[PDB]
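Here is the structure we will look at, set down as structure tokens.
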Amino acid sequence: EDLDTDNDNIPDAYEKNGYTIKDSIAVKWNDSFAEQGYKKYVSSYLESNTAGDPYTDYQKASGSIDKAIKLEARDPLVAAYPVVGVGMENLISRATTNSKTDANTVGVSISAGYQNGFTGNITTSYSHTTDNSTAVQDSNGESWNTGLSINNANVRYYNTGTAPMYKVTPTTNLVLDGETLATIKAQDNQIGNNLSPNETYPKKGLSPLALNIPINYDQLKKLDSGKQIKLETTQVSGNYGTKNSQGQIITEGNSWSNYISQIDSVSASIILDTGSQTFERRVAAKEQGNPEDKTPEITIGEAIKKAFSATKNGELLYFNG
Amino acid sequence: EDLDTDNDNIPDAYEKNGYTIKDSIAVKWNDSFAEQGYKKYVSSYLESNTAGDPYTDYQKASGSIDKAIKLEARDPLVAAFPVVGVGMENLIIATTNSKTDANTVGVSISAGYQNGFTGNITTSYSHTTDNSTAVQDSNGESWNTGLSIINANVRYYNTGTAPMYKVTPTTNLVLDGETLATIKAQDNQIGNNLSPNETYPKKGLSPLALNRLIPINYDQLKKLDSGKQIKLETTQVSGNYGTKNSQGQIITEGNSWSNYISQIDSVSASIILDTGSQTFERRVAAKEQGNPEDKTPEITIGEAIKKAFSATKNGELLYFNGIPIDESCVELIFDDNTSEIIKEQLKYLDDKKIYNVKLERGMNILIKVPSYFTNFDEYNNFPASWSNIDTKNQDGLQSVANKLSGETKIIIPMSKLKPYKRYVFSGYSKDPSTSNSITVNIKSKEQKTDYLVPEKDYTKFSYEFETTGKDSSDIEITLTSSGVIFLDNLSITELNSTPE
Amino acid sequence: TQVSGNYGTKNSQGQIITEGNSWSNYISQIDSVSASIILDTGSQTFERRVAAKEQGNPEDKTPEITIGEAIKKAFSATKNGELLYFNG
Amino acid sequence: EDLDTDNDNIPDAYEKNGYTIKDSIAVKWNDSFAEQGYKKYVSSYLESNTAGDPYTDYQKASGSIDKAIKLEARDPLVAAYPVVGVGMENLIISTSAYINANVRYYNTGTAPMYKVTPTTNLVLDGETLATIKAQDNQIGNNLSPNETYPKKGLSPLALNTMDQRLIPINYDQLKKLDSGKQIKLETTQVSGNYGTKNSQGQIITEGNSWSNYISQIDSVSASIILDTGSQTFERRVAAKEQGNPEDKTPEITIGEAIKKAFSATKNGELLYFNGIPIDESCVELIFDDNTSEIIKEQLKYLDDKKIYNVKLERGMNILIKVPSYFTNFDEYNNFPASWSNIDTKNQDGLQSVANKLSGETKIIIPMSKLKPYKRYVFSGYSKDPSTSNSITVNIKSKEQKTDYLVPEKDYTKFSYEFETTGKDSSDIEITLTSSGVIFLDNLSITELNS
Ligand SMILES: [Ca+2]
Ligand SMILES: [Ca+2]
Ligand SMILES: [Ca+2]
Ligand SMILES: [Ca+2]
Ligand SMILES: [Ca+2]
Ligand SMILES: [Ca+2]
Ligand SMILES: [Ca+2]
Ligand SMILES: [Ca+2]
């Protein structure tokens with residue numbers, strides 16, 4: 216009952232049936248620990264890192280990792296993953327607001343009736359949270375061509398993940414609703430030193446970050471007739487915090503590009519939007535073919551509650567009331 | 216039996232006769248493990264990295280590697296090799328590309344095939360690294376109109399087996415015989431993530447722009470107006486892989502891919518499979534010819550395709566995600582030196598099947614799945630239903646055949662096929678009497694007809710017909726038989742494109 | 480928008496090194512486990528951060544203190560029985 | 216009996232008499248291992264790297280090295296020396386003016402060269418315009434043996450940047469360029485790396501360079517070159533110092549070294565490179581002046597009197613060019629026009645038969661299948677027991693040649709150098725006359741430098 220195949224300081228028996236962390240040691244989970252606020256953790260007993268994220272099963276369960284990470288990522292099955300982007304603010323002489331789900335729900339077909347059992351919909355243009363499309367609010371009816379009639390960018394980086402990103406250098410292109418213009422990169426003074434979960438750089442209450459390109463007369467007409475500009479993100483390069491034996495958090499060298507294609511290929515994306523702020527969570531899962539694979543198999547309902555930290559009162563899920 | 220000459224945590228006895236990994240350790244393979252999903256691995260007991268890739272035998276078998284690497288790379292014989300290329304999608308003074332155009336263009340196909348070698352012959356084999364552009368902007372008008380007498391939008395696409403971090407291509411854009419320039423991605427078009435069978439930027443994202458002034462000659466533009474044969478060649482790519490370290494955090498800084506490229510190409514046989522939509526490239530390991538110290542396992546071509554693409558064997562047919570890729574259902578395109586190797590080894594065989602020949606070093610096999618195919622047994626994805634077919638037969642090559650005595654008709658709209666692409670007709674025929682006659686007629690941009698004669702055994706035939714334009718007459722195929730004739734595996738294969 | 484700097488740690492050789500150190504690593508961590516407190520004296524401004532326990536966390540042991548005690552701790556303001564004076 | 220003075224994991228006794236690698240442990244060579252395909256290896260017991268290349272004697276013999284190094288370089292005596300040269304395809308000048390090129394790096398050694406950074410000059414007639422080094426845009430990541438960068442089937446790479457664009461100093465260059473003078477391209481040195489497996493088992497090719505080893509590898513090996521008319525292979529074979537009593541490198545015959553450097557098989561007595569015979573009677577050799585005096589001195593003291601039985605030395609240079617047109621009167625005759633007055637009913641030939649000539653030999657060679665403005669040399673074997681017949685040559689060329697030859701008692705090779713110029717010139721005529729009955733075999737035609 217003490218055997219440890221993966222050597223992650225968790226006995227294999229505890230890891231397959233349920234465990235929880237008390238006094239920095241693993242103890243067998245019991246039904247009587249629910250009312251004390253404890254959680255039940257289950258992970259894979261063959262892998263040091265079940266989710267794929269840099270932090271092992273023991274570091275996440277015990278919380279011996281960065282304190283700016285959401286409690287949601289302390290579950291071994293939930294991956295800590297900084298999904299970030301760029302939020303367009305000023306169009307230069324007219325401001326705009328940005329919709330994180332416009333480019334996803336645009337490709338959804340809606341009918342009147344529905345087939346039995348299934349009550350969802352279908353999307354043909356599924357996109358993630360990094361896929362940001364704007365919506366101009368100061369456009370009261372006059373065309374953009376008005377003012378010159380002759381034939389820069391203020392942005393704000395946004396995070397919707399679970400783990401902070403240090404040394405944020407986002408890469409975007411000016412897709413101009415149909416054809417890219419410039420694959421702009423933020424090199425030296427537009428780099429965000431740190432970007433906490435559910436926070437933007439600059440923080441709330443500061444002027445928009447400015448980033449520093460021709461526009462043809464043809465794009466002017468189409469933008470003036472039922473079209474909008476978006477600034478999609480191709481990639482963002484950052485860092486993350488790792489403890490030491492000396493005890494310092496070292497975030498130079500460590501990258502959020504080594505683990506991204508590891509986290510992405512082993513996790514099932516789940517996204518929730520409250521209408522005002524958007525979240526993206528990755529939940530680990532198991533491939534059918536491999537028998538040696540030991541990632542636990544749980545319902546969506548368990549995956550929803552373990553990703554967005556809802557509350558199971560009775561049989562319904564409550565999220566922030 | 217725990218001797219370890221190579222010291223890779225796999226005993227010599229296990230590594231010779233078959234081993235499987237249970238609970239992160241290697242155990243003797245038993246025939247009863249098959250139904251549970253455990254795979255049989257065989258490797259070399261004198262080499263740490265049997266396939267040459269940077270991950271050793273035990274690491275590949277156990278999966279203790281980057282989780283993005285495909286499950287069919289976990290075989291010690293198959294190798295991790297990111298086959299990156301650059302495909303262009305915008306002409307600046325709209326573009327659909329194919330990864331197997333330069334390879335299937337060099338094949339010239341005759342009416343009949345030699346008894347024993349049921350494959351085709353080409354002398355211009357090329358990988359999927361290159362690009363071929365057939366611009367869809369053309370609709371009868373050339374580019375010289377309007378403007379007469388620098389930066390393009392490209393997208394990095396991977397068709398390999400393992401991811402490549404920090405993509406940094408080095409491509410050349412042709413200018414007829416001459417060149418344009420050696421363009422090396424420098425700082426702000428370096429993709430930090432390139433997942434296998436995925437592009438940079440992502441699938442749903444617009445291509446990025448290549449970087457600042459270049460000259461273009463106008464005389465070759467008229468050649469472009471004559472035909473859009475401009476193709477983009479990627480000479481080399483630079484990147485890294487990822488191996489966990491003592492602490493655990495994945496390191497990709499010093500671990501370049503380019504160290505194991507001239508080694509992987511020198512110990513592995515190149516095998517490519519095309520399905521029409523996307524193409525996969527794999528490089529299975531093969532032993533040396535005369536080296537007695539070379540303990541690399543010997544596996545026939547049939548097992549190479551199953552291992553390389555993780556194909557499933559149902560009955561006696563290899564199934565690749567619904568699409569059957571058995572030898573008698575697909576059109577093969579071998580290289581010349583590859584082909585003559587098989588030819589000489591075929592006459593020493595008995596069953597005389599391509600997939601049963603032994604794999605060697607240096608082969609170049611391009612598997613091209615036909616666009617439309619029917620075996621008359623279970624699979625029929627033709628846009629229409631052929632007339633005068635008798636499914637109830639017992640002399641079919643696999644399950645059943647058709648009792649043909651008369652004429653056979655089929656309707657084929659032009660819409661359901663790609664315009665300006667050459668196609669190759671294929672099928673099997675047999676007649677016990679060998680006294681009847683077979684006459685064919687092809688309705689295409691040209692009127693073509695031919696006659697055929699069966700034989701005691703099933704014989705393969707191949708006919709060519711090109712397509713022209715989007716608005717054109719429907720292509721009709723007529724088969725006429727004198728007496729009783731049996732047909733099987735009636736196919737239409739999509740070959741290279743046709744000139745404008 | 481942001482500031483970048485260093486901090487000093489007395490190493491094993493007795494010197495003070497401020498080369499392998501940066502504050503950026505801890506700004507996010509300090510902000511997430513501490514309660515912001517400000518004292519304004521008209522001409523001067525002071526900004527501190529006092530750690531506090533998580534709401535629903537069974538394994539968190541950060542001590543619980545009141546607002547008045549925390550202001551006494553974060554500024555070292557003396558208390559003569561009940562009245563609290565910072566600099567008179 | 217297991218002393219290892221040099222500590223290369225091979226015993227001294229086995230390393231001196233011949234050893235073969237089985238189960239990655241070296242064992243005493245046995246002649247019974249010939250049929251299974253094992254090879255025999257002999258090297259020095261006083262030095263870890265016999266040929267000087269980075270890889271040791273146990274790594275080379277076992278094959279525990281980079282797998283791109285040709286299987287011929289697994290023999291310890293043969294250095295894994297890569298040869299890289301830059302070849303021009305197109306040179307254009309446009310407005385002084387910009388100059389661009391189309392070049393492909395040709396490798397003909399035995400081991401790959403990662404991160405190729407060639408250095409080239411732009412010289413037209415003595416005067417060198419500038420020195421060009423390969424920037425980041427033209428560095429070849431991988432250059433496998435007998436392969437080019439870019440690989441066959443890809444267009445050549447451009448070259449337009451010379452320092453941190458190409459430009460001449462003035463118009464004095466262009467004025468003589470239009471007069472009929474062109475700019476050549478020559479390589480001075482090529483830089484690269486070599487692969488090695490580090491402590492943890494992976495390969496690293498950053499701190500390793502080939503240019504830290506070239507000076508050593510050249511100085512301790514004898515250079516050998518083979519030309520097939522289209523493909524050239526440059527090999528280096530280790531050779532022992534003459535007066536040094538402590539230099540224990542094995543001594544091998546030149547005939548033996550050819551079998552080792554090019555990995556050419558031996559069908560009993562003849563040697564085939566890859567289906568092409570390379571026996572001394574059917575191929576032409578070229579030596580420099582230094583080699584000629586040495587090779588002659590050794591022959592006169594040896595009874596057999598053949599080149600292929602002379603012990604190799606340190607520093608001799610050998611160039612072997614296979615014949616362009618060769619006939620043996622047994623199994624091969626590639627001459628487009630058949631010879632005249634030929635009789636194959638003989639048994640006095642070098643291998644099977646000889647040609648009993650009765651009179652003269654007349655052959656007319658068309659110029660259509662020959663290289664214009666190129667120098668050609670013909671060779672053959674002549675035997676006359678009578679030693680009383682005078683034979684002269686009458687061959688039409690740019691300048692007509694007429695020489696006399698006196699055949700010896702036994703077979704002897706004759707070489708006469710002539711030049712052919714102009715594609716649309718007079719057809720080349722060849723005449724051979726014999727006073728009586730003569731024996732001819734192994735006739736050769738081989739191109740020389742122009
Ligand atoms: Ca464990
Ligand atoms: Ca674990
Ligand atoms: Ca082993
Ligand atoms: Ca092994
Ligand atoms: Ca059938
Ligand atoms: Ca020794
Ligand atoms: Ca030695
Ligand atoms: Ca003879």
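Chains G, F, A and E supply the protein sequences, listed in that same order. When the letters of the first sequence are read in order and numbered with the deposited numbering, they come out as residues 216 to 307, 323 to 381, 389 to 449, 459 to 567. When the letters of the second sequence are read in order and numbered with the deposited numbering, they come out as residues 216 to 308, 325 to 380, 388 to 449, 457 to 745. Anchor point for the third sequence: position 71 equals 550 in the deposited numbering, and the numbering is continuous, going up by one each time. When the letters of the fourth sequence are read in order and numbered with the deposited numbering, they come out as residues 216 to 310, 385 to 453, 457 to 742. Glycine included, each C-beta is placed from N, C-alpha and C at the ideal position.
Okay, do the region 721-735 of chain F and the region 615-622 of chain F touch, 3+ Cβ pairs below 8 Å being the bar?
yes
Meets three-Cβ-pair contact criterion under 8 Å: the region 349-357 of chain F and the region 425-436 of chain F
no
Go through its chain and collect everything with a Cβ distance to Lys588(F)'s Cβ below 6 Å, but skip five positions before and after it.
The count along the second sequence starts at 1 and reaches residue 588(F) at position 343. Answer for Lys588(F): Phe348, listed in chain order.
Residues bridged to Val336(F) (per DSSP)
As a working note, residue 336(F) is residue 105 in the second sequence. DSSP output for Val336(F) lists no bridge partner at all.
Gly415(E) versus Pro445(E), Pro407(E), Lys473(E), residue with shortest Cα-Cα distance
Taking the first residue of the fourth sequence as position 1, residue 415(E) is located at position 126. Per the Cα distances, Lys473(E).
Interface partners of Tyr593(F) on chain G, CB under 9 Å
Here residue 593(F) is taken as the residue at index 348 of the second sequence, counted from 1. Per Cβ cutoff of 9 Å: no residues; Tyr593(F) is ~37 Å from chain G at best.
Report the partner residues of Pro407(G) according to the DSSP bridge assignment.
Stepping through the first sequence from its first residue, residue 407(G) is reached at position 170. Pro407(G) is bridged to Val482(G).
Anticipated Cβ contact below 8 Å, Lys552(E) with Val529(E), distance rounded
Taking the fourth sequence and counting its residues from 1, one reaches residue 552(E) at position 260. Taking the fourth sequence and counting its residues from 1, one reaches residue 529(E) at position 237. At roughly 7 Å, the Cβ-Cβ gap stays under 8 Å, so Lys552(E) and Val529(E) are in contact.
Of all Cβ atoms in chain A, is any one closer than 7 Å to the Cβ of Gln274(G)?
By one-based count along the first sequence, residue 274(G) stands at place 59. No, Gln274(G) does not count as interfacial toward chain A.
So which residues of chain F does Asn305(E) contact, with C-beta pairs closer than 8 Å?
The count along the fourth sequence starts at 1 and reaches residue 305(E) at position 90. Result: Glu416.
Can you tell me which of the three DSSP states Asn396(G) falls into?
As a working note, residue 396(G) is residue 159 in the first sequence. Correct three-state label for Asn396(G): strand.
Using a Cβ distance threshold of 8 Å, determine whether the region 387-398 of chain E contacts the region 294-304 of chain E, with at least three qualifying pairs required.
yes
Quick one: which chain G residues come within Cβ less than 8 Å of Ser444(F)?
Taking the second sequence and counting its residues from 1, one reaches residue 444(F) at position 206. Ordered by position in chain G, the residues that pass the 8 Å Cβ test against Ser444(F) are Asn410, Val412, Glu416, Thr417, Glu478.
Closer than 6 Å between the C-beta and any heavy atom of ligand 4: which residues qualify, listed along the chain?
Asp221(F), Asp223(F), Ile225(F), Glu230(F), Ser258(F), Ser259(F), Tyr260(F), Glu262(F), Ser263(F), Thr265(F), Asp272(F)
Neighbourhood of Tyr356(G) by C-beta distance below 7 Å, restricted to the same chain and skipping five residues each side:
What you label residue 356(G) is simply residue 126 of the first sequence in a count that begins at 1. Excluding residues within five positions, the ones whose Cβ falls inside 7 Å are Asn334.
Does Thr326(F) come within less than 7 Å of chain E when only Cβ atoms are used?
As a position in the second sequence, residue 326(F) is number 95, starting the count at 1. It does not; no Cβ of chain E falls within 7 Å.
Secondary structure of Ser674(F), DSSP reduced to three states
For this step, residue 674(F) is matched to residue 429 along the second sequence. DSSP places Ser674(F) in strand when its eight states are reduced to three.
Restricting to Cα atoms, I'd like to know which of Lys654(E), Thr541(E), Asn410(E), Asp581(E) is closest to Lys603(E).
Residue mapping note: residue 603(E) aligns to position 311 of the fourth sequence, counting from 1. Comparing Cα-Cα distances from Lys603(E) to each of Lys654(E), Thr541(E), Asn410(E), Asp581(E), the minimum goes to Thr541(E).
Can you check which of these residues, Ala294(G), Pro434(G), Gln492(G), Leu466(G), is closest to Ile509(G) by C-alpha distance?
Residue 509(G) sits at position 263 when you count from the first residue of the first sequence. Out of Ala294(G), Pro434(G), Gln492(G), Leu466(G), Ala294(G) has the C-alpha closest to the C-alpha of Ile509(G).
At 8 Å on the CB atoms, spell out the chain F contacts of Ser433(E), in chain order.
For this step, residue 433(E) is matched to residue 144 along the fourth sequence. Ordered by position in chain F, the residues that pass the 8 Å Cβ test against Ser433(E) are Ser507, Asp510, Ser511.
Measuring from the CB of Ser671(E), is there a heavy atom of ligand 7 at a distance below 6 Å?
Here residue 671(E) refers to the residue found at position 379 of the fourth sequence. It does not: the Cβ of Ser671(E) is nowhere closer than 6 Å to a heavy atom of ligand 7.
Beta carbon of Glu262(G): closer than 6 Å to some heavy atom of ligand 2?
Stepping through the first sequence from its first residue, residue 262(G) is reached at position 47. For ligand 2, at least one heavy atom lies less than 6 Å from the Cβ of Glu262(G).
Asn500(E) to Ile506(F), Cα distance in whole Å?
Here residue 500(E) refers to the residue found at position 208 of the fourth sequence. Here residue 506(F) refers to the residue found at position 261 of the second sequence. Their Cα atoms are separated by approximately 17 Å.
Per-residue contacts from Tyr403(G) into chain A (C-beta, under 8 Å):
Position 166 of the first sequence, counted from the first residue, corresponds to residue 403(G). By Cβ distance, chain A contributes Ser503, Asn504, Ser507.
Which value, in whole angstroms, describes the spacing of the CA atoms of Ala288(E) and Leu477(F)?
To locate residue 288(E), count along the fourth sequence from 1; it is residue 73. To locate residue 477(F), count along the second sequence from 1; it is residue 232. So the alpha carbons of these two residues sit roughly 37 Å apart.
Just to confirm the assignment, what range does the beta strand (DSSP E) spanning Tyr564(G) have?
On the first sequence, position 318 is the one that residue 564(G) refers to. Note, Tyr564(G): beta strand (DSSP E), 562-564.
On a CA-only basis, which of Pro628(F), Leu413(F), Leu697(F) is nearest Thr684(F)? Give me that one, please.
Taking the second sequence and counting its residues from 1, one reaches residue 684(F) at position 439. Of the listed residues, the one whose Cα sits closest to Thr684(F) is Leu697(F).
Mind pulling the chain A residues with CB within less than 8 Å of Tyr253(G)?
As a first step, residue 253(G) must be located in the first sequence, where it is residue number 38. What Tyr253(G) touches in chain A: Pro537.
Return the CA-CA distance between residue 166(E) and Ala294(E), expressed in angstroms with no decimal places.
For residue 166(E) there is no data in the structure shown, the boundaries of chain E being 216 and 742.
Taking the alpha carbon of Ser726(E) as the point to measure from, which residue in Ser515(E), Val685(E), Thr557(E) has its own alpha carbon closest?
What you label residue 726(E) is simply residue 434 of the fourth sequence in a count that begins at 1. If we check each option's Cα against that of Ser726(E), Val685(E) comes out closest.
Cα-Cα separation, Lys558(A) to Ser511(A)
For this step, residue 558(A) is matched to residue 79 along the third sequence. For this step, residue 511(A) is matched to residue 32 along the third sequence. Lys558(A) and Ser511(A): Cα-Cα distance of roughly 29 Å.
Using 7 Å as the limit for Cβ to Cβ distance, is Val529(A) near chain G?
Position 50 of the third sequence, counted from the first residue, corresponds to residue 529(A). Taking Cβ atoms only, chain G never reaches closer than 7 Å to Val529(A), which makes this a no.
For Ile495(G), which residues in chain F fall below 9 Å Cβ to Cβ?
Within the first sequence, residue 495(G) is the residue found at index 249, counting from 1. Here the premise fails: no neighbours, minimum Cβ distance about 14 Å.
Between which two residues does the alpha helix (DSSP H) containing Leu469(G) stretch?
Taking the first sequence and counting its residues from 1, the one referred to as residue 469(G) is at position 223. Taken as a continuous stretch (DSSP letters only), the alpha helix (DSSP H) holding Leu469(G) covers 463-470.
Partners in chain G for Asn500(A), counting only beta-carbon separations shorter than 8 Å:
Translated into positions along the third sequence, residue 500(A) becomes position 21. Within chain G, the residues near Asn500(A) are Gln494.
Interface flag, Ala283(G) vs chain A, CB-CB below 7 Å:
Along the first sequence, read from residue 1 onward, the residue named residue 283(G) stands at position 68. Interface residue, yes.
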